[PDB]
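In what follows, a structure is listed as structure tokens, so that the remarks can point back to it.
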Amino acid sequence: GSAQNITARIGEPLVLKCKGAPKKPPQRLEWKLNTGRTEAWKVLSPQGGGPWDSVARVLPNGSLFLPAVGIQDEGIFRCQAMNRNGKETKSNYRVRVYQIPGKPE
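Take the deposited numbering: the last position of the sequence shown gets the number 105, and nothing is skipped along the way.
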């Protein structure tokens, strides 16, 4: 549970897990995803019901499911959770699509 390498293809579905939120129900938590070069980063929420067809939705267990990750969606995924103890759980998952930009940021 720390910077996991995940390979994917443009238009292919991909799922991510957030170290902290078990099979439990959809509780309080924040979701963030960084893609593109720098101006493509978007904030994901536990309420993806609807726009899922446009982007993706968040699982009830605190996970992330994508219907089709595009080349623009390529980048790094970051998730955060909060336990009853007061401590927060961090989770970073690296995602790579088929086609690449070429030059790094």
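Virtual Cβ for every residue (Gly too), placed ideally from N, Cα, C.
Inset, instruction - Measure the C-alpha to C-alpha separation of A40 and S2 and round it to an integer number of angstroms. - result: Note on geometry: alpha-carbon atoms of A40 and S2 lie some 23 Å from one another.
Legend entry - Simplified DSSP assignment, three categories, for residue 120: What is shown of the chain runs 1 to 105, which leaves residue 120 out entirely.
Legend entry - Contact set for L44: own chain, Cβ-Cβ below 8 Å, skip 5 residues either direction: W31, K32, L33, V55, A56, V58, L64.
Legend entry - Euclidean distance between Cα positions of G50 and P60: Distance between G50 and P60, taken at the CA atoms: about 15 Å.
Legend entry - Separation of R94 from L14, as counted between CA atoms: Rounded to whole angstroms, the gap between the alpha carbons of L14 and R94 is 12 Å.
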